[PDB]
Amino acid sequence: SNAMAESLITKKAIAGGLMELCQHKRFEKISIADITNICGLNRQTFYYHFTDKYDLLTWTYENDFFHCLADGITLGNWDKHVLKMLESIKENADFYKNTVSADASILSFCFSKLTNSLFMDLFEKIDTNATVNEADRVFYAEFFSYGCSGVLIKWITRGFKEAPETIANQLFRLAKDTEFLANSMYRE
């Protein structure tokens, strides 16, 4: 049969292959054949799971430990989950620095979606009074999401210079500052 070849296990092995190749080879130069070769699979197996290497990369980001951790973020585990999330990206420094340098828009889009939702969910915990209309919640959630991605991409692009805890505090600062803006529109 084709049970194992069509399994989630194989699909995860393919993402793992990509991450391994990115340690020796620029993402732009990576081909499907390279991926199936290092994974010990055939081409038909690859195209069962993914349409192309950008679909695979998108899936890899979405199913990475950073993203799994981020979905379950509450206010109670925020400090711990964000820090853990950044450390996980750094543990895979080569893969991230490679793929982001090739096309940062893919990770940026993914991380912005997540931080946007995070902030909209946050409004619902702290604004039961609906003092902030939907237009302004959306505006500031997006602003927050742009900042989070800007900080993340920059950190990765420049080679993970700052400590993860330092980046974690910057992301919090953006959260603290955005909430403050969202509740200070009629300041004048």
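Position 1 is the first residue in the sequence shown; the rest follow in order.
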{"item": "Segment of higher mean CA temperature factor, 26 to 34 or 147 to 155", "value": "26 to 34"}
{"item": "Segment of higher mean CA temperature factor, 84 to 92 or 67 to 75", "value": "67 to 75"}
{"item": "Within-chain third of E142 by Cα B-factor, per the entry", "value": "lowest"}
{"item": "Chain third (lowest, middle, highest) by recorded CA B-factor, residue given as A163", "value": "middle"}
{"item": "Where the record places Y48 (Cα B-factor, split into thirds across the chain)", "value": "highest"}
{"item": "For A135, the third of its chain into which the C-alpha B factor falls", "value": "middle"}
{"item": "Within-chain third of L122 by Cα B-factor, per the entry", "value": "middle"}
